[PDB]
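Shown below, as structure tokens, is a lone chain in the form deposited in one PDB entry; questions about how it binds or moves come after it.
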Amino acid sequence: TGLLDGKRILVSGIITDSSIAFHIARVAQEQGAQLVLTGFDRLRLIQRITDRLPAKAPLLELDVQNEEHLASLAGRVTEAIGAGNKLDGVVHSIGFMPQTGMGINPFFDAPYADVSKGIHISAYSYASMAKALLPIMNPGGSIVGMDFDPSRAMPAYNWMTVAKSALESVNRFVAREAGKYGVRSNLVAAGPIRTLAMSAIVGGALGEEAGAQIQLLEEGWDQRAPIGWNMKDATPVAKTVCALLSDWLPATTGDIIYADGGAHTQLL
């Protein structure tokens, strides 16, 4: 086919070629889809990275803490894909949390401004991002954001866990909004993946103990995952997303798909 053939999808979240958003972006192109991209803080420095990709993309500035960039989103996206033209997808592949809310830093010593910043970026934005892009989105289309399963507590994810719990809650509201448009809204709970927002994360060897709470993460997840799990390889999470963007899951919304190797279904 080109499983995303002719489809016109925006893809947020890139900042290196180890970014998952990069990998969704790649696969979506391998597969048919004229793209539009967003980046946060040097674009300059990103365009170099989005170049590294098969086909090419209008790449627009977007800082999701900016009321001013969101108000315009819809504007700019129509410039760049043409007029009388709407989007068929959207990828929220964005997140962030102060070092304070994460790693060995005690849980109680994060002050709320720090956490607020996390939630806003990792949580709220899925909803701004849908408020801005649904008006220019077609029937039978799709939004996807990237989750990491927060049902259970764990060490190191600390307050990011709490943001991800809020993400899932948001996601199902946004589905209720999106469905007035014929749009689906779903997350992809992914298994762990080698991106430098991880070697931030616990990170940075804030440890030497942290060659460890990363090796043992990769062993952990591979052991539990009935089909095994490769932390060096985003393409299984990226193919799973293109699936949601696809029409082949036309009756799932409000929902969370786990591309984690079925590790979450096993206790050990």
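Rigid core: the largest C-alpha set superposing within 1.5 Å between the two forms. The numbering used is simple: start at 1 and walk along the sequence shown.
Asks: Once you work out the mean C-alpha B-factor for both 76 to 84 and 117 to 125 from the entry, which is higher?
Replies: On average, C-alpha B-factors are higher across 76 to 84.
Asks: Averaging only over Cα atoms, indicate whether 3 to 11 or 257 to 265 has the higher B-factor in the PDB entry.
Replies: In the deposited entry, the stretch with the higher C-alpha B-factor mean is 3 to 11.
Asks: Among the candidates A234, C242, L43, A225, give the one with the maximum CA B-factor reported in the record.
Replies: So the option with the highest C-alpha B-factor is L43.
Asks: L196's Cα B-factor: lowest, middle or highest third of the chain?
Replies: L196: CA B-factor falls in the highest third of its chain.
Asks: Please say which third, lowest, middle or highest, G95 falls into when its CA temperature factor is compared across its chain.
Replies: It belongs to the lowest third of the chain when residues are ordered by C-alpha B-factor.
Asks: Can you work out whether the C-alpha temperature factor of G145 puts it in the lowest, middle or highest third of the chain?
Replies: Answer is lowest: the recorded C-alpha B-factor places it there.
Asks: Should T252 be placed in the lowest, middle or highest third of its chain by the C-alpha B factor in the entry?
Replies: Ranked within chain, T252 CA B lands in the lowest tercile.
Asks: Could you look up the Cα B-factor of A33 in the entry and say which third of the chain it sits in: lowest, middle or highest?
Replies: Highest third - that is where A33 ends up once the chain's C-alpha B-factors are sorted.
Not pictured, yet referred to below: the form deposited in another entry.
Asks: Overlay on the rigid core first, then point out the one of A57, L70, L206, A225 whose CA is displaced 2 Å or more between the shown form and the other one.
Replies: Just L206.
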